[PDB]
Protein chains: 2
Amino acid sequence: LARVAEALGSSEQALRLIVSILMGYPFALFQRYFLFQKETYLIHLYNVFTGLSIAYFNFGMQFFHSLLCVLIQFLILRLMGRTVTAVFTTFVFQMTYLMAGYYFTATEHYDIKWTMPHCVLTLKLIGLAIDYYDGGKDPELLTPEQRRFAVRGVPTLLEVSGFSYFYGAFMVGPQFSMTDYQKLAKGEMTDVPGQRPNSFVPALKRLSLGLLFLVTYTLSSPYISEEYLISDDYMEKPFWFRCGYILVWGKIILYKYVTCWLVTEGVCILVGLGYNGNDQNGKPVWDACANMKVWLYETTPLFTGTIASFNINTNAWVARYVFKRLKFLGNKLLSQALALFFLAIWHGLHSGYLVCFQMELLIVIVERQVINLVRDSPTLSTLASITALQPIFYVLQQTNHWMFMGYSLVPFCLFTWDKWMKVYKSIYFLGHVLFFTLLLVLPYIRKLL
Amino acid sequence: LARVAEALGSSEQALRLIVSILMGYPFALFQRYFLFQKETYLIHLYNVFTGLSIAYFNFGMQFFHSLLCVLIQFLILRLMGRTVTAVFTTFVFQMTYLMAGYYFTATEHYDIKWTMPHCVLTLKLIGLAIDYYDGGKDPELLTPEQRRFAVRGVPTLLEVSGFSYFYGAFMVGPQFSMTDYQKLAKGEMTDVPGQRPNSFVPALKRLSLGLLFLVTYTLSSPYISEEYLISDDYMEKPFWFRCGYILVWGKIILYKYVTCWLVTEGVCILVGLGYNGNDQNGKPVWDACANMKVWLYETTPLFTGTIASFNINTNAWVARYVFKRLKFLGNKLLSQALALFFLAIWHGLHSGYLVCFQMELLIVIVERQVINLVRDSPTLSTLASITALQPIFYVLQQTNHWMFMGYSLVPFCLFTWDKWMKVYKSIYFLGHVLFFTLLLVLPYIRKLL
Ligand SMILES: CCCCCCCCCCCC(=O)OC[C@@H](O)COP(=O)(O)OCC[N+](C)(C)C
Ligand SMILES: CCCCCCCCCCCC(=O)OC[C@@H](O)COP(=O)(O)OCC[N+](C)(C)C
């Protein structure tokens, strides 16, 4: 409806996405109470129907495209099951399908179109194929976590269709594995063997936090937007103020993402999929499929402290299915680039993503070098601080972290060859030149000390 | 000059290219008579100067890009000389440079721009890198051709610069190897151990034939052009006539290529680079760096007989450095489906090339299947012919060959999504559907017989 779209002050696409995400709670409540007896095919059909309904509500003309990619893989997965070339052909097919979709969409403004659910689906399917090939090997140890994380059996059409179309983690949801989905289907993922998983208390906290972030972001949205950055006229304000804007911006655009992940956690933890075990005391731990770690993402002066708390899940998937599969190159420095290149193509086909990831690589390397210089061969360095007082150091580090994360996040939201450089040149290319000088000078001063 | 361009009836680019190609003959005549004493650096400097002048007279200010590829490789070739990763990095760098040039250069007409000399240069440099890598291995009993080609030593800047900028084979010239260039530089490519090689008699034939083809093509150029097909008002004559046009066309557009190769052969055979050995009788053989074999390209009813008579210096290079190097994977078909893909990218970035190469692959497979069915399992099918009277079969086969080679060469000269399909749909997609039906039916009828 256009009336509600104009009333809420945002485009109808975002409202439709939010209502689709929020519609998962009644589905989970219905599932948790009417499926005590298993009869797994009921769960599989229910998941398929709910996922198809969710896809039809939003993308109600092109959803059958997804129904293609599930079926074709099932053929490729069936024949040449354990050969190496199956992995190659499925990887190439999925990549070329995604690239064709991206090329034929190629919209300039940020739009929530057909692309993202298919992106999540195709990455999950590649993961499933890799896992099946890995589990097809000999039953020896092979890094026992890898052994227990593999799949053994025949993945018939019903199981793969149900696992592909989970209603909760479909749009932007967390990426689970194949082995644990069958555990949920077979009902061995509960707090105790013979009762419903008691998870009401964890879910409300996540829902409250996600709603709080959502409401504060939508309240603070009109004040700051990615149009003041150029405006063709306001590129004359005092330099410091401009930097201050980049400090206020970036920290606000991130809250657009966070909330949805948090809220989808609420629909993913209620069904019991977020169980991993108990702690030393024995109490249950529900932080298994979490996509965000609040209270560490905020207060983290280190540049590397925002890489293990922001995305966490996709990063873990990339590390597990790229680094562990390219141990025969042996360079140890090429792979860390190649993975990023893959992460620079999975997001999109524009140019801003490459520059953003290059800046992230440069900043993390510089931070590693600086933290290696101190506290390892400090001499005067540590006893100069002597831990007498570090309020000023902490606040300066925090401001530096915010400013130089927003400064590299600018090309993420503006991914055109013209607007990016037009808004980026007014800052005198500060970050790249400064960090290049630091990188080229630091070994010399380290050798001096 | 525009006056000569309008007088000759062709654009100034073609005339400039032809005059540049023809300008090599005084260079070769000067070289053959004033360089009895070797002092190799004189030859290297002469080659560099002549190649740079030729590049200047065609592409005035842009030629430095070519230099920007010769020097960088010399660095990559110097450090990490014998490692595996050197091949990977030089391959990726050359491919991405060529792709960037093509993407920034792409136009909708056939333009003689910066691309082609850089394309030849980059493919030659990739070949040099592969050959140098295959020279640092153990000197065991490899394949004799590998030992005959492998280079041992360190290529300094002068030698690589001279070998890269050969004046004769620069624009569209044949692609020789690295080891034999040093043989020419050291003066051992002669009929008699020491004297000027006797090559006047072989050379004049390649001028007579080349000039004959050139004059016939330029005389018959105005009658047939690639505009009558797409005029959209000439698509209404009866069906057969249209097919007849495709028979007359295609066989004419090919003569645009042939001549130049022939003529550059004349400037490549005079210097003595076309020597390979003697025959059984003992007379010299000069068909070493030939790029086309006339008297077999014309009268060849077989569809596979036009692959060993067209350009046999790029096909041989591809087979030597891709087809017979990816034997570790061991599929025997995927490689045949991979190398062509490389050949589908080296030509350009448009879409017509892929379809043309796919059609060539399909027709050659169909021809192989048909020739396998006959003369191997006749079953009273050919024992009755006994060569009684079959000129009709020969002429029918020749007409079929011409028609279905032109029908697949059409997308080569028209490489846009719109023009190609508009000109191709009026023929009712005859070749693809016919060959698909033949491919799907032939095994069944073979099993029947
Ligand atoms: C209150 C309004 C709610 C707004 C809805 C936005 C949902 C966040 C998208 C998360 C998708 C994802 O997992 O990729 C994470 C990153 O990749 C971010 O992705 P992008 O923001 O660049 O979107 C284009 C790239 N896709 C297509 C691959 C998703
Ligand atoms: C009387 C007038 C003379 C006309 C001059 C034309 C010269 C023939 C080009 C041969 C280049 C080559 O070796 O590639 C052979 C094929 O690749 C053909 O190539 P194309 O015709 O498609 O040209 C674009 C592709 N390049 C850029 C790679 C060369």
# chains A, B, ... in the order shown; residues from 1 in each chain; ligands from 1
$ residues_around --residues "segment 415-429 of chain A" --least-positions-apart "2" --cutoff "9 Å" --atoms "only C-alpha atoms" --output "number ranges by chain"
A: 108, 229-230, 235-236, 239, 242-243, 350-353, 407, 410-413, 431-434
$ residues_near_ligand --ligand "ligand 1" --cutoff "6 Å" --atoms "only C-alpha atoms and all ligand atoms" --output "PyMOL selection string"
chain A and resi 14+115-116+172+256-257+347-348
$ residues_near_ligand --ligand "ligand 2" --cutoff "9 Å" --atoms "only C-alpha atoms and all ligand atoms" --output "CSV table (one decimal) with N, CA and C atoms, in the first residue's frame"
chain,number,residue,atom,x,y,z
B,10,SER,N,39.0,3.2,-49.9
B,10,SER,CA,39.1,2.5,-48.6
B,10,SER,C,39.5,3.5,-47.6
B,13,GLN,N,43.0,3.9,-42.5
B,13,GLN,CA,43.6,2.9,-41.6
B,13,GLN,C,44.1,1.7,-42.4
B,14,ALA,N,43.3,1.2,-43.3
B,14,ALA,CA,43.8,0.0,-44.0
B,14,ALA,C,44.9,0.3,-44.9
B,15,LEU,N,44.9,1.5,-45.6
B,15,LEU,CA,46.0,1.9,-46.4
B,15,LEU,C,47.3,2.1,-45.6
B,17,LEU,N,48.0,0.6,-42.8
B,17,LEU,CA,48.5,-0.7,-42.4
B,17,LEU,C,49.2,-1.4,-43.5
B,18,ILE,N,48.7,-1.3,-44.7
B,18,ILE,CA,49.3,-2.0,-45.9
B,18,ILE,C,50.6,-1.4,-46.2
B,102,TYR,N,40.6,-3.9,-24.0
B,102,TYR,CA,39.5,-4.2,-24.8
B,102,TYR,C,38.2,-3.5,-24.3
B,110,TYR,N,34.6,-2.6,-37.1
B,110,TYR,CA,35.9,-3.2,-37.2
B,110,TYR,C,36.9,-2.1,-37.3
B,111,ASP,N,37.6,-1.8,-36.3
B,111,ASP,CA,38.6,-0.7,-36.2
B,111,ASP,C,40.0,-1.2,-36.0
B,112,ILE,N,40.9,-0.7,-36.8
B,112,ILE,CA,42.3,-1.1,-36.7
B,112,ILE,C,42.9,-0.2,-35.6
B,113,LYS,N,42.8,-0.5,-34.4
B,113,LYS,CA,43.2,0.3,-33.3
B,113,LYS,C,44.4,-0.3,-32.6
B,114,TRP,N,44.8,0.2,-31.5
B,114,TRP,CA,46.0,-0.2,-30.6
B,114,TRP,C,45.9,-1.7,-30.3
B,115,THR,N,44.8,-2.3,-30.4
B,115,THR,CA,44.6,-3.6,-29.8
B,115,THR,C,45.5,-4.7,-30.3
B,116,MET,N,45.5,-4.9,-31.7
B,116,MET,CA,46.1,-6.1,-32.2
B,116,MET,C,47.6,-6.3,-32.0
B,117,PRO,N,48.5,-5.2,-32.2
B,117,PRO,CA,49.9,-5.5,-31.8
B,117,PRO,C,50.1,-5.8,-30.4
B,118,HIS,N,49.4,-5.2,-29.5
B,118,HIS,CA,49.5,-5.6,-28.1
B,118,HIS,C,49.0,-7.0,-27.8
B,119,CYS,N,48.0,-7.4,-28.5
B,119,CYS,CA,47.5,-8.8,-28.4
B,119,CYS,C,48.5,-9.8,-28.8
B,120,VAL,N,49.1,-9.6,-30.0
B,120,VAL,CA,50.2,-10.5,-30.4
B,120,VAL,C,51.4,-10.4,-29.4
B,171,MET,N,52.8,-6.5,-36.7
B,171,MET,CA,51.4,-6.2,-36.7
B,171,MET,C,50.5,-7.4,-36.7
B,172,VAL,N,50.7,-8.3,-37.7
B,172,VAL,CA,49.9,-9.5,-37.8
B,172,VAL,C,50.8,-10.7,-38.1
B,173,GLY,N,52.1,-10.5,-37.9
B,173,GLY,CA,53.0,-11.4,-38.3
B,173,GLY,C,53.0,-12.8,-37.6
B,174,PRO,N,53.7,-13.8,-38.1
B,174,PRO,CA,53.7,-15.1,-37.5
B,174,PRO,C,54.4,-15.0,-36.1
B,214,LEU,N,45.1,-9.8,-53.0
B,214,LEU,CA,44.7,-8.4,-52.5
B,214,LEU,C,44.0,-7.6,-53.6
B,215,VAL,N,44.5,-7.7,-54.8
B,215,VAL,CA,43.8,-7.0,-55.9
B,215,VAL,C,42.5,-7.5,-56.2
B,217,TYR,N,40.5,-9.0,-54.1
B,217,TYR,CA,39.6,-8.7,-53.0
B,217,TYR,C,39.2,-7.2,-53.1
B,218,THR,N,40.1,-6.3,-53.4
B,218,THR,CA,39.8,-4.9,-53.5
B,218,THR,C,39.0,-4.6,-54.7
B,255,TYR,N,39.2,-13.4,-47.7
B,255,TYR,CA,40.3,-12.9,-48.5
B,255,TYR,C,40.9,-11.6,-47.9
B,256,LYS,N,40.1,-10.9,-47.0
B,256,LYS,CA,40.6,-9.8,-46.4
B,256,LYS,C,41.8,-10.1,-45.5
B,257,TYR,N,41.7,-11.3,-44.8
B,257,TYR,CA,42.8,-11.7,-43.9
B,257,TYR,C,44.0,-12.3,-44.7
B,258,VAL,N,43.7,-13.3,-45.5
B,258,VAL,CA,44.7,-14.2,-46.2
B,258,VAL,C,45.9,-13.3,-46.7
B,259,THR,N,45.6,-12.3,-47.5
B,259,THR,CA,46.6,-11.6,-48.2
B,259,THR,C,47.7,-11.1,-47.2
B,260,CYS,N,47.3,-10.5,-46.2
B,260,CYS,CA,48.3,-9.9,-45.3
B,260,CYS,C,49.2,-10.9,-44.7
B,261,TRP,N,48.7,-12.1,-44.3
B,261,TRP,CA,49.5,-13.2,-43.8
B,261,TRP,C,50.5,-13.5,-44.9
B,311,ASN,N,44.9,-20.5,-40.3
B,311,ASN,CA,46.0,-20.1,-39.5
B,311,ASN,C,46.5,-21.2,-38.6
B,314,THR,N,48.6,-20.0,-34.7
B,314,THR,CA,47.9,-19.7,-33.4
B,314,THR,C,47.3,-21.0,-32.9
B,343,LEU,N,40.6,-19.1,-26.4
B,343,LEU,CA,40.6,-18.5,-27.8
B,343,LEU,C,39.3,-17.7,-28.0
B,346,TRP,N,40.7,-14.3,-26.2
B,346,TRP,CA,41.8,-13.6,-26.8
B,346,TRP,C,41.4,-12.8,-27.9
B,347,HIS,N,40.4,-13.2,-28.7
B,347,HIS,CA,39.9,-12.4,-29.8
B,347,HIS,C,39.3,-11.1,-29.4
B,348,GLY,N,38.3,-11.2,-28.5
B,348,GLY,CA,37.6,-10.0,-28.1
B,348,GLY,C,36.7,-10.2,-26.9
B,353,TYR,N,31.9,-14.0,-31.1
B,353,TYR,CA,33.0,-15.0,-31.1
B,353,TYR,C,32.7,-16.3,-30.4
B,412,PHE,N,30.8,-13.7,-36.8
B,412,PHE,CA,32.2,-13.2,-36.6
B,412,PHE,C,32.3,-11.8,-37.0
B,413,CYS,N,31.7,-11.4,-38.1
B,413,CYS,CA,31.8,-10.0,-38.6
B,413,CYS,C,30.7,-9.1,-38.0
$ closest_atom_pairs --of "chain A" --to "chain B" --cutoff "12 Å" --atoms "only C-alpha atoms" --output "Markdown table"
| residue | atom | partner | partner_atom | distance |
| --- | --- | --- | --- | --- |
| A:83 | CA | B:331 | CA | 11.7 |
| A:84 | CA | B:329 | CA | 9.8 |
| A:85 | CA | B:329 | CA | 9.2 |
| A:88 | CA | B:334 | CA | 11.2 |
| A:89 | CA | B:334 | CA | 10.5 |
| A:329 | CA | B:85 | CA | 9.2 |
| A:330 | CA | B:85 | CA | 10.8 |
| A:331 | CA | B:85 | CA | 9.1 |
| A:333 | CA | B:85 | CA | 11.9 |
| A:334 | CA | B:85 | CA | 9.7 |
$ write_last_selection --atoms "N, CA, C and O atoms" --output "PDB file, in the first residue's frame"
ATOM      1  N   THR A  83      33.265 -37.123  -7.488  1.00  0.00           N
ATOM      2  CA  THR A  83      34.398 -36.671  -8.281  1.00  0.00           C
ATOM      3  C   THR A  83      34.749 -35.225  -7.945  1.00  0.00           C
ATOM      4  O   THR A  83      33.924 -34.455  -7.445  1.00  0.00           O
ATOM      5  N   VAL A  84      36.003 -34.866  -8.220  1.00  0.00           N
ATOM      6  CA  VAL A  84      36.454 -33.500  -7.979  1.00  0.00           C
ATOM      7  C   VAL A  84      35.767 -32.532  -8.935  1.00  0.00           C
ATOM      8  O   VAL A  84      35.443 -31.398  -8.563  1.00  0.00           O
ATOM      9  N   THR A  85      35.533 -32.960 -10.178  1.00  0.00           N
ATOM     10  CA  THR A  85      34.981 -32.068 -11.191  1.00  0.00           C
ATOM     11  C   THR A  85      33.565 -31.604 -10.870  1.00  0.00           C
ATOM     12  O   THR A  85      33.127 -30.584 -11.411  1.00  0.00           O
ATOM     13  N   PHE A  88      33.968 -28.306  -9.217  1.00  0.00           N
ATOM     14  CA  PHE A  88      34.325 -27.288 -10.199  1.00  0.00           C
ATOM     15  C   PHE A  88      33.108 -26.843 -10.999  1.00  0.00           C
ATOM     16  O   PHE A  88      32.868 -25.641 -11.169  1.00  0.00           O
ATOM     17  N   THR A  89      32.320 -27.801 -11.493  1.00  0.00           N
ATOM     18  CA  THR A  89      31.199 -27.437 -12.351  1.00  0.00           C
ATOM     19  C   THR A  89      30.110 -26.711 -11.567  1.00  0.00           C
ATOM     20  O   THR A  89      29.534 -25.738 -12.069  1.00  0.00           O
ATOM     21  N   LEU A 329      48.654 -24.565  -2.107  1.00  0.00           N
ATOM     22  CA  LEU A 329      49.439 -23.467  -2.663  1.00  0.00           C
ATOM     23  C   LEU A 329      50.665 -23.192  -1.801  1.00  0.00           C
ATOM     24  O   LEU A 329      51.790 -23.108  -2.306  1.00  0.00           O
ATOM     25  N   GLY A 330      50.464 -23.046  -0.493  1.00  0.00           N
ATOM     26  CA  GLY A 330      51.551 -22.901   0.450  1.00  0.00           C
ATOM     27  C   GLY A 330      52.170 -21.524   0.537  1.00  0.00           C
ATOM     28  O   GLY A 330      53.133 -21.347   1.294  1.00  0.00           O
ATOM     29  N   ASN A 331      51.657 -20.541  -0.207  1.00  0.00           N
ATOM     30  CA  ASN A 331      52.259 -19.212  -0.179  1.00  0.00           C
ATOM     31  C   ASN A 331      52.007 -18.522   1.158  1.00  0.00           C
ATOM     32  O   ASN A 331      52.896 -17.843   1.688  1.00  0.00           O
ATOM     33  N   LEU A 333      50.377 -15.991   1.748  1.00  0.00           N
ATOM     34  CA  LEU A 333      50.066 -14.588   1.530  1.00  0.00           C
ATOM     35  C   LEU A 333      49.204 -14.344   0.302  1.00  0.00           C
ATOM     36  O   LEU A 333      48.523 -13.314   0.243  1.00  0.00           O
ATOM     37  N   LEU A 334      49.215 -15.250  -0.677  1.00  0.00           N
ATOM     38  CA  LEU A 334      48.339 -15.105  -1.834  1.00  0.00           C
ATOM     39  C   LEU A 334      46.895 -15.434  -1.483  1.00  0.00           C
ATOM     40  O   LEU A 334      45.974 -14.729  -1.910  1.00  0.00           O
TER      41      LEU A 334
END
$ residues_around --residues "residue 67 of chain A" --least-positions-apart "3" --cutoff "10 Å" --atoms "only C-alpha atoms" --output "NGL selection string"
:A and (52 or 62-64 or 70-72 or 161 or 164-165)
$ select_by_dssp --residues "segment 63-282 of chain A" --states "alpha helix (DSSP H)" --output "NGL selection string"
:A and (63-78 or 84-105 or 115-135 or 144-148 or 157-164 or 179-185 or 200-220 or 239-248 or 255-269)
$ atom_distance --atom1 "atom CA of residue 317 of chain A" --atom2 "atom CA of residue 339 of chain A"
10.9 Å
